[PDB]
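Asker: So that we are looking at the same thing, I have put the structure below in structure tokens.
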Amino acid sequence: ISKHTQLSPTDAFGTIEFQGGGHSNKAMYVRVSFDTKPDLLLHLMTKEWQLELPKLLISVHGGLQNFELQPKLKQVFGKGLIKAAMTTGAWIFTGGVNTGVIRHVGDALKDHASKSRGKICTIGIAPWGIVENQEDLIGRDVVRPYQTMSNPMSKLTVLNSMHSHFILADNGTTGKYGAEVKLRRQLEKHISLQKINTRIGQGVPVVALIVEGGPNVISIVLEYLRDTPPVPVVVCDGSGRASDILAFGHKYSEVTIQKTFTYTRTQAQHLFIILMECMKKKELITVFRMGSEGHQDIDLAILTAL
Amino acid sequence: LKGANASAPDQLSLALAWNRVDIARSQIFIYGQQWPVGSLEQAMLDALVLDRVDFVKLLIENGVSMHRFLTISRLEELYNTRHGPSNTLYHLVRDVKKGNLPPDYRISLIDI
Amino acid sequence: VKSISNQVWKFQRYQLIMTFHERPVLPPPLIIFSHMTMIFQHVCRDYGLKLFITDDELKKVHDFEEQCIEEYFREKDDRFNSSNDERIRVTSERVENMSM
């Protein structure tokens with residue numbers, strides 16, 4: 001149908017504990033609609049959850065495919081991200097479901113809480129339909145036990161643990177993505193316009209971090225770079241997917257035969273227009289590499305981009 | 001392990017019997033094991049009675065929840081185990097019940 | 001002897017306090033009046049022993065205790081991994097491996 005869903009009030013918001021994991025963790029959760037204004041969400045975030053305005057905002061993008069990272073890359077990336085979010089008070093926006101890079105940042109947070117104090121306010125904005133248990137959370141303002149166990153044939157991925165807060169976006173379908181992306185971008189834009197405490201007159205800076213990804217990662221990076229206040233983008237080469245081709249295009253820029261990767265589709269179709277646009281706006285892009293160039297720490301790479 | 005080409009519970013049971021935890025941590029628990037339903041809880045029950053702290057911790061770390069695993073029947077089976085170190089529970093039970101119990105008596109939670 | 005006596009006295013403070021909490025109000029010379037009050041009432045610990053709490057206070061106390069035990073274990077591990085013996089042993093093992 002043409003989005004013909006009645007706007008019944010929300011009936012799933014409160015706290016959930018993750019049972020079955022290797023830890024005891026709590027996470028506030030609120031399900032909302034895709035038309036919620038960013039100001040209302042920020043009011044709920046700063047008032048009901050008691051979260052101050054952050055001094056740094058990190059957006060993490062990746063591929064929903066459950067990819068794999070080489071040794072000594074995931075460790076360095078995880079510790080750099082954790083240090084960059086721990087030394088300075090920062091929010092880590094993630095996909096939310098336990099797929100791909102979100103599992104990697106969940107494991108990075110798992111290593112951090114193993115041997116360090118403090119709490120990292122990691123916010124996962126995930127669609128409502130793809131959670132394994134749409135039920136088992138309908139208790140309003142009450143604790144609901146949750147099972148971290150997952151099965152391959154469920155077709156609905158469980159919510160990743162080690163996430164301090166959640167926001168669930170609903171449009172009606174179940175098993176289909178693309179219901180929170182506009183909400184996520186509008187929330188980031190609204191946070192960026194919020195004034196930081198300093199009286200100089202700058203808003204909360206926003207950075208984007210890309211790992212692995214796929215065809216949509218190029219489009220998202222291009223949309224980030226074309227916004228009137230530009231958002232710097234940091235890319236890791238060793239992932240293998242379109243992050244690697246972005247790292248290649250960062251080198252020897254201003255080789256079309258070298259653009260035969262064929263990981264997306266047949267060779268006849270190409271996105272060379274948007275890739276050349278990205279290489280045209282390549283001063284904002286900063287690429288991380290181990291020993292090949294500077295910024296051997298992910299923590300130093302992200303901060304110097306801002 | 002790879003020579004048997006058996007199911008994951010068989011390899012896990014072999015590693016549990018050998019009391020080699022790092023082999024199970026590396027070789028067994030890998031990307032998409034596709035555990036059969038009820039296998040992990042059976043392995044937890046087997047690891048409890050054999051006094052394997054490391055394996056109980058490892059199974060807890062990978063999805064096994066005690067709030068669903070533990071029941072009255074499983075606790076009763078735990079209290080009647082034999083594949084473990086020596087204990088003085090039977091003598092205390094005999095003293096409380098004044099030696100009226102027949103041989104090979106089945107302990108119950110009321111006795112505990 | 002004096003350290004043991006101090007410890008035993010601090011232990012017996014509790015027994016003394018409970019003994020005088022159970023005690024009736026009147027002193028022994030005129031305890032006769034209250035010694036016959038329970039006779040008629042036979043055929044007829046809010047604080048000082050316990051402290052009854054509600055559910056919300058119970059949950060808050062449980063979370064506080066959990067935070068305390070987690071902090072204690074983390075502090076113990078951090079103290080152990082920074083002692084001189086551990087550093088010496090780890091350095092020796094890594095030096096031997098590096099030499100090989």
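Residues in the structure tokens are numbered from 1 in each chain, the chains being A, B, ... in the order shown, and ligands are numbered from 1 in the order shown.
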Using only C-alpha atoms, I'd like every residue of chain C that has an atom within 9 Å of chain A; please write them out as a ChimeraX atom specification.
Answerer: /C:71,74,77-78
Asker: Would you return as JSON, numbers by chain the members of chain C that DSSP assigns to helix (DSSP H, G or I) on this structure's backbone?
Answerer: {"C": [2, 3, 4, 5, 6, 7, 8, 9, 10, 11, 12, 13, 14, 15, 16, 17, 18, 19, 20, 21, 22, 28, 29, 30, 32, 33, 34, 35, 37, 38, 39, 40, 41, 42, 55, 56, 57, 58, 59, 60, 61, 62, 63, 64, 65, 66, 67, 68, 69, 70, 71, 72, 73, 74, 75, 76, 77, 78, 79, 80, 81, 84, 85, 86, 87, 88, 89, 90, 91, 92, 93, 94, 95, 96, 97, 98, 99]}
Asker: Compute the set of chain B residues within 6 Å of chain A, using only C-alpha atoms, and express it as an MDAnalysis selection string.
Answerer: chainID B and resid 61 63:65
Asker: Write out as a PyMOL selection string the residues lying within 12 Å of residue A:11, counting only C-alpha atoms and excluding same-chain residues fewer than 2 positions away.
Answerer: chain A and resi 7-9+13-14+29-33+134-142+168
Asker: Keeping C-alpha atoms, export the residues of the selection given above as a PDB file, in the first residue's frame.
Answerer:
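And here is the file that came out, selection_24.pdb:
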ATOM      1  CA  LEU A   7      -0.546   6.532  13.591  1.00  0.00           C
ATOM      2  CA  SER A   8      -1.232   4.662  16.801  1.00  0.00           C
ATOM      3  CA  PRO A   9       0.753   5.823  19.855  1.00  0.00           C
ATOM      4  CA  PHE A  13       9.843   2.361  25.321  1.00  0.00           C
ATOM      5  CA  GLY A  14      11.828   1.780  28.493  1.00  0.00           C
ATOM      6  CA  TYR A  29      15.050   2.088  23.785  1.00  0.00           C
ATOM      7  CA  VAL A  30      12.251   4.063  22.130  1.00  0.00           C
ATOM      8  CA  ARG A  31      10.398   3.133  18.961  1.00  0.00           C
ATOM      9  CA  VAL A  32       9.292   6.086  16.832  1.00  0.00           C
ATOM     10  CA  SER A  33       7.953   6.906  13.374  1.00  0.00           C
ATOM     11  CA  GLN A 134       9.395  -7.345  17.568  1.00  0.00           C
ATOM     12  CA  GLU A 135       7.539  -8.571  20.653  1.00  0.00           C
ATOM     13  CA  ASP A 136       9.301  -9.219  23.997  1.00  0.00           C
ATOM     14  CA  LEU A 137       9.840  -5.435  24.151  1.00  0.00           C
ATOM     15  CA  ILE A 138       6.248  -4.101  24.228  1.00  0.00           C
ATOM     16  CA  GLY A 139       6.426  -3.433  27.965  1.00  0.00           C
ATOM     17  CA  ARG A 140       6.092   0.336  28.260  1.00  0.00           C
ATOM     18  CA  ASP A 141       8.441   1.962  30.794  1.00  0.00           C
ATOM     19  CA  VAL A 142       9.371  -1.491  32.132  1.00  0.00           C
ATOM     20  CA  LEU A 168      13.778   2.257  16.467  1.00  0.00           C
TER      21      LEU A 168
END
Asker: Extract, using only C-alpha atoms, all DNA, RNA and protein residues at most 8 Å from residue A:58, discarding same-chain residues fewer than 3 positions from it, and format them as a compact mmCIF listing (two decimals) with N, CA, C and O atoms, in the first residue's frame.
Answerer:
# COMPACT_ATOMS: atom_id res chain seq x y z
N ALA A 90 31.74 12.09 23.31
CA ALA A 90 31.28 11.99 21.93
C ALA A 90 30.18 10.95 21.82
O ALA A 90 30.10 10.02 22.63
N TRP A 91 29.35 11.11 20.80
CA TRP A 91 28.30 10.16 20.46
C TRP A 91 28.72 9.36 19.24
O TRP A 91 29.26 9.92 18.28
N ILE A 92 28.48 8.06 19.27
CA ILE A 92 28.81 7.18 18.16
C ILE A 92 27.51 6.69 17.54
O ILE A 92 26.86 5.79 18.08
N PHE A 93 27.13 7.28 16.42
CA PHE A 93 25.95 6.83 15.69
C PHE A 93 26.30 5.57 14.91
O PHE A 93 27.30 5.53 14.20
N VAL A 206 31.06 17.36 13.22
CA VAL A 206 30.61 16.04 12.83
C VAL A 206 31.65 15.42 11.90
O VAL A 206 32.14 16.09 10.99
N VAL A 207 31.98 14.16 12.14
CA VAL A 207 32.91 13.42 11.30
C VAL A 207 32.21 12.14 10.85
O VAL A 207 31.30 11.64 11.51
N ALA A 208 32.63 11.63 9.69
CA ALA A 208 32.10 10.40 9.14
C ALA A 208 33.22 9.40 8.95
O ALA A 208 34.28 9.74 8.42
N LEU A 209 32.99 8.17 9.39
CA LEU A 209 33.99 7.11 9.31
C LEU A 209 33.41 5.96 8.49
O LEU A 209 32.31 5.49 8.77
Asker: Give me, please, the distance in Å between atom CA of residue A:96 and atom CA of residue A:125, quoted to one decimal.
Answerer: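 It comes out at 5.5 Å.
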Asker: What residues in stretch 83-269 of chain A get the DSSP label strand (DSSP E)? Please answer as a PyMOL selection string.
Answerer: chain A and resi 91-94+121-127+143-147+165-170+206-210+233-236
Asker: Using Å and a single decimal, report how far atom CA of residue B:78 sits from atom CA of residue B:58.
Answerer: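 One can read the atom CA of residue B:58 to atom CA of residue B:78 distance as 19.3 Å.
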Asker: Hey, can you check how far atom CA of residue A:85 sits from atom CA of residue A:122?
Answerer: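 Interatomic distance, atom CA of residue A:85 to atom CA of residue A:122: 9.2 Å.
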Asker: Tell me which protein, DNA and RNA residues are within 8 Å of stretch 184-199 of chain A, counting only C-alpha atoms, leaving out same-chain ones fewer than 2 positions away, and put them as a ChimeraX atom specification.
Answerer: /A:38-39,41-42,53,55,125,180-182,201-206
Asker: Export N, CA and C atoms of the chosen residues as an mmCIF file, in the first residue's frame?
Answerer:
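Result file selection00.cif:
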data_model
loop_
_atom_site.group_PDB
_atom_site.id
_atom_site.type_symbol
_atom_site.label_atom_id
_atom_site.label_comp_id
_atom_site.auth_asym_id
_atom_site.auth_seq_id
_atom_site.Cartn_x
_atom_site.Cartn_y
_atom_site.Cartn_z
ATOM 1 N N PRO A 38 13.577 16.105 14.063
ATOM 2 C CA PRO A 38 14.837 15.975 14.811
ATOM 3 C C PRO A 38 14.846 16.730 16.125
ATOM 4 N N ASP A 39 14.159 17.871 16.208
ATOM 5 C CA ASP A 39 14.128 18.617 17.461
ATOM 6 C C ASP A 39 13.430 17.826 18.558
ATOM 7 N N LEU A 41 13.272 14.499 18.761
ATOM 8 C CA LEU A 41 14.185 13.431 19.151
ATOM 9 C C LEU A 41 15.305 13.959 20.034
ATOM 10 N N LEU A 42 15.837 15.138 19.710
ATOM 11 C CA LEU A 42 16.871 15.728 20.549
ATOM 12 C C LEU A 42 16.331 16.086 21.926
ATOM 13 N N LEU A 53 24.681 17.858 25.521
ATOM 14 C CA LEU A 53 25.116 18.074 24.148
ATOM 15 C C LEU A 53 26.567 17.633 24.003
ATOM 16 N N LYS A 55 30.492 17.078 22.600
ATOM 17 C CA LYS A 55 31.569 17.892 22.056
ATOM 18 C C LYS A 55 32.149 17.309 20.778
ATOM 19 N N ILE A 125 20.597 3.701 15.698
ATOM 20 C CA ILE A 125 19.322 4.014 15.064
ATOM 21 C C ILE A 125 19.056 2.925 14.032
ATOM 22 N N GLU A 180 15.136 4.674 8.127
ATOM 23 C CA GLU A 180 15.704 5.578 9.115
ATOM 24 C C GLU A 180 16.814 6.464 8.564
ATOM 25 N N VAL A 181 17.225 6.265 7.309
ATOM 26 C CA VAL A 181 18.380 6.981 6.774
ATOM 27 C C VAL A 181 18.123 8.482 6.731
ATOM 28 N N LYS A 182 16.947 8.890 6.250
ATOM 29 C CA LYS A 182 16.615 10.310 6.227
ATOM 30 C C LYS A 182 16.522 10.870 7.639
ATOM 31 N N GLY A 201 31.356 30.645 18.330
ATOM 32 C CA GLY A 201 30.273 30.576 17.369
ATOM 33 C C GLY A 201 30.314 29.378 16.443
ATOM 34 N N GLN A 202 30.909 28.277 16.888
ATOM 35 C CA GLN A 202 30.945 27.063 16.087
ATOM 36 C C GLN A 202 30.026 26.007 16.688
ATOM 37 N N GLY A 203 29.397 25.230 15.808
ATOM 38 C CA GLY A 203 28.539 24.146 16.229
ATOM 39 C C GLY A 203 29.332 22.901 16.567
ATOM 40 N N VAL A 204 28.605 21.858 16.946
ATOM 41 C CA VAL A 204 29.236 20.591 17.300
ATOM 42 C C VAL A 204 29.776 19.962 16.024
ATOM 43 N N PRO A 205 31.082 19.734 15.927
ATOM 44 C CA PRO A 205 31.647 19.181 14.693
ATOM 45 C C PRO A 205 31.241 17.731 14.484
ATOM 46 N N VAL A 206 31.061 17.364 13.219
ATOM 47 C CA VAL A 206 30.606 16.036 12.828
ATOM 48 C C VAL A 206 31.645 15.425 11.902
#
Asker: Fewer than 4 positions away in the same chain doesn't count, so skip those; otherwise give me all residues within 12 Å of stretch 27-32 of chain B, counting only C-alpha atoms, as an MDAnalysis selection string.
Answerer: (chainID A and resid 66:68 150:153) or (chainID B and resid 1:2 6:16 20:23 36 40 58:59 61:63)
